[PDB]
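Chemist: Quick one: structure below, then a few questions.
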Amino acid sequence: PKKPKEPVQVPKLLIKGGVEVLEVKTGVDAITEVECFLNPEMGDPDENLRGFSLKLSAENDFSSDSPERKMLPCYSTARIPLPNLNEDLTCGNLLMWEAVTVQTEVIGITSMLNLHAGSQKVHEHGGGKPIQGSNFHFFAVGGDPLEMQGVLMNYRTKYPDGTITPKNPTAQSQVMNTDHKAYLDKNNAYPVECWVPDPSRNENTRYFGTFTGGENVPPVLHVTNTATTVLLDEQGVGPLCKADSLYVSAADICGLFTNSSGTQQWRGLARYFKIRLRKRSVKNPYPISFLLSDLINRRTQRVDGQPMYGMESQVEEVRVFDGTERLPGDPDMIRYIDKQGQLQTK
Amino acid sequence: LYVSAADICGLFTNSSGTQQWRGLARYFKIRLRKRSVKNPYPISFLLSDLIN
């Protein structure tokens, strides 16, 4: 009996399991894979009807429009801790966790086929109406929280107080405005109709999203566990994790669902992720005089002196003697440095 | 150096029968010395705390 052909080398599994697996001492070329889902927070009108919105307000004033908090979709957010790379690099190099490859896939797509779920009757003796209308899908992977832009419409609407809205809207806020920024740090309070990602600031995340508005369009879903969405930039780095944290934020609205009396309401589903990780060799950016800067300022007493910084200074004149030279036939001269060279006026 | 101790040494008894607890002091003696180790936290981990 001849021996078989010798097999093909693959990367070696070392530990599978729960969340307590990340605490393993590995070598340098370690790679991990983290499978995680997020809940959709569509509003939850009671405890019994999880994952929906409440019945919609049909027509209010353009001025006295006052919704309630139980009927707004919101962005779902979460934070994954990571363990330290407590390592031994020379000349101030560090090691931080990079998130190379994402792969998203919507969970629960065939719940919408259930037509006998209390819809309004579509014709004489027919079945139930499926979910159709404006869909929305949005997810984001990065080492920093999703810094997002303020945009709303109809600024004269009075939000309820469970939500976080842009502060002090004007008529100018309905287009690109600067003074309506916020971070994303609180689940089920950031409404979908009031925030979009800021294209200016996020050097560290990657957001993907698409939108289709309509009275009645079919929601198209697409499920495949061989798709692979790449997260590299032009230079070759993904999201770095500055602090040991990994911020994943996502939100999904599938469409409009009609109840038994004929009221449209919203529908959300969950979302799956699979972030692959790796160790990058980065360098230190900040100066050496930083640790001490804070260490002294949390031990020495606070002094309420007579001030010496800013437009209320009481220093008259400062001089910096450095090096030597010949006698200047004028002692009342003034010498300084303009932008790069040594200049001297009268 | 965290030194902690607890001593309960029986039951003193009163005159009308009401018992109550009693304990006493505890001496200690420690013979310290100077032990070598290796640095557990290099300044990298010391640096990451400020960002956090």
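All residue names refer to the structure tokens as shown: chains lettered A, B, ... in order, residues numbered from 1 in each chain, ligands numbered from 1 in order.
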Just the residues within 10 Å of segment 130-135 of chain A, please, counting only C-alpha atoms, with nothing from its chain fewer than 6 positions along; format it as a ChimeraX atom specification.
Modeler: /A:112-117,119-120,122,210-220,252-258,264-268
Chemist: Taking only C-alpha atoms into account, report as a PyMOL selection string which residues of chain B lie within 12 Å of chain A.
Modeler: chain B and resi 39-52
Chemist: From the list A:56, A:71, A:162, A:271, which residue is nearest residue 109 of chain A when using only C-alpha atoms?
Modeler: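 Ranking A:56, A:71, A:162, A:271 by distance to residue 109 of chain A, first place goes to A:271.
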Chemist: Quote the spacing between atom CA of residue 273 of chain A and atom CA of residue 107 of chain A in Å to one decimal place.
Modeler: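 For atom CA of residue 273 of chain A relative to atom CA of residue 107 of chain A, the distance reads 10.4 Å.
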Chemist: For a test of reading the model, state the distance in Å between atom CA of residue 100 of chain A and atom CA of residue 275 of chain A, rounded to one decimal.
Modeler: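 If I compute the distance from atom CA of residue 100 of chain A to atom CA of residue 275 of chain A, I get 7.1 Å.
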Chemist: Write down as an mmCIF file with C-alpha atoms, in the first residue's frame the residues of segment 285-325 of chain A whose backbone DSSP state falls under helix (DSSP H, G or I).
Modeler:
```
data_model
loop_
_atom_site.group_PDB
_atom_site.id
_atom_site.type_symbol
_atom_site.label_atom_id
_atom_site.label_comp_id
_atom_site.auth_asym_id
_atom_site.auth_seq_id
_atom_site.Cartn_x
_atom_site.Cartn_y
_atom_site.Cartn_z
ATOM 1 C CA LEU A 291 3.291 61.271 30.986
ATOM 2 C CA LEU A 292 4.987 63.761 33.310
ATOM 3 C CA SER A 293 2.701 66.549 32.082
ATOM 4 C CA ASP A 294 -0.274 64.797 33.660
ATOM 5 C CA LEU A 295 1.566 63.183 36.584
ATOM 6 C CA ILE A 296 2.645 66.505 38.068
ATOM 7 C CA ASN A 297 -0.738 68.118 37.462
#
```
Chemist: Nearest to residue 5 of chain B among B:36, B:17, B:22, B:28, with distances taken over only C-alpha atoms: which residue is it?
Modeler: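 When distances to residue 5 of chain B are compared using only C-alpha atoms, the smallest one comes from B:28.
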Chemist: Out of chain B, which residues get strand (DSSP E) from DSSP, as a ChimeraX atom specification?
Modeler: /B:11-13,19-21
